[PDB]
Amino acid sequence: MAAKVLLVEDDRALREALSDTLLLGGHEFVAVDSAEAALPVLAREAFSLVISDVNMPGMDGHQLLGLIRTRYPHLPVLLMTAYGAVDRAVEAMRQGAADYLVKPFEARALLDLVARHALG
């Protein structure tokens, strides 16, 4: 029943709360703080789902998205952001993001997102 979730979030505080929720739902995860840190991990381990922040000190989530859609065509990706914008949400969906999330969102919503979108 478990999913293995890659979590990409530069905010310490939100990263830990999201990890706490994932565990609550019986889910394996790896948490990194940058898209640049996510790429080595994506080549080491298979994941059922990627959840990435959009605004990060480095490569941004839209660039990580297009990069995951290239190398891992099977991998669902959720984008989350504090600064939502309609045009960029449209572009992420057009590129095959599973969802485009404006922060914040309750822990039970994140577990429903994983169930709706993770492989398995």
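The numbering used is simple: start at 1 and walk along the sequence shown.
- As recorded in the PDB entry, 7-15 is the stretch of 7-15 and 92-100 with the greater mean C-alpha temperature factor.
- The stretch with the higher mean CA B factor, choosing between 46-54 and 23-31, is 23-31.
- Considering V86, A37, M59, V77 together, the PDB entry gives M59 the largest C-alpha B factor.
- When the CA B factors of the chain's modelled residues are split into thirds, the value for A82 lands in the highest one.
- Among the modelled residues of its chain, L113 has a C-alpha B-factor that falls in the middle third, as given in the PDB entry.
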